[PDB]
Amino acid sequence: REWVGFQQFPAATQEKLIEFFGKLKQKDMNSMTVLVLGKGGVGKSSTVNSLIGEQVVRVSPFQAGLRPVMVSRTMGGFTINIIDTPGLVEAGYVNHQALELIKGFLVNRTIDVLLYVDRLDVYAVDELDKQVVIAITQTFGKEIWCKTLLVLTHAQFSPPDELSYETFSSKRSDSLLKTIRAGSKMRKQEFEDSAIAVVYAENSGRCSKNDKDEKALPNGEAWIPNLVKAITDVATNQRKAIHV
């Protein structure tokens, strides 16, 4: 479908997205496919709707047995495909049936970028997070991690008491990255080489805006263009995409 949501982005965001997608088109990539994975309730669907700028997937405090969905939008000969998914944990365990459904849904498809999504405003990683990584590695292979971005939602979180945002967020992202390294079995150099970048998101209607009317992080940066910059970076990193 035509990309109506694009028209609703502020000019400053439009400008950046055109630059990013324009770079892909120059390399004769006239489309890209983004897979989104995560536990339930972390804002996967919300982040998808933020990226498309339309209500294309269902958001809810409760996890609906639901199926993967591909949302596709096209503009000036360029097409973005984003695959939203059911959560990867159920009742304190990894949901392997969800993973198999997702994998089944991906047959024949080429995945340019994985977004592995979790919340910023969480105080610990636990064994379940590592098991989610382990299961993703078993389903798609170790190589998925060289095409992945860690996306942390609820970025407008303000930590309690004396704690700085920067200390809290660097600890949260570090702990997750170390979990990815552990669950993927990657050696320290191998892991450094995968170069997994951390991107922040705030899907709340109450998100701060910068002075160009763009949804902004506490540092003032426009987060939707940041995330698109990171996606298009990974899409064109010349590591091989993920075929299933």
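Each residue number is its position in the shown sequence, starting from 1.
### Message
Does the chain run continuously from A64 to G65, or are deposited residues unmodelled in between? Answer none, 1 to 3, 4 to 9, or 10 or more.
### Response
Unmodelled stretch: 1 to 3 residues, a short break.
### Query
Higher mean Cα B-factor in the deposited model: 26 to 34 or 200 to 208?
Mean C-alpha B-factor is greater for 26 to 34.
### Task
Take the C-alpha B-factors listed in the entry for 80 to 88 and for 116 to 124, compute each mean, and give the stretch with the larger one.
Going by the record's values, the stretch with the higher mean is 80 to 88.
### Query
Reading the B-factor column of the entry, which of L106, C146, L163, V133 has the highest value at its C-alpha atom?
Across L106, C146, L163, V133, the entry lists the biggest C-alpha B-factor for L106.
#### Entry: Residue of maximum C-alpha B factor among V42, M186, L51, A216, per deposited coordinates
It is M186.
#### Entry: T74 by Cα B-factor - lowest, middle or highest third of the modelled chain
Tercile = highest for this residue's CA B-factor.
### Chain third (lowest, middle, highest) by recorded CA B-factor, residue given as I102
CA B-factor rank for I102: middle third.
### Task
Using the B-factor values recorded in the entry, state whether the Cα atom of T110 falls in the lowest, middle or highest third among the modelled residues of its chain.
Tercile = highest for this residue's CA B-factor.
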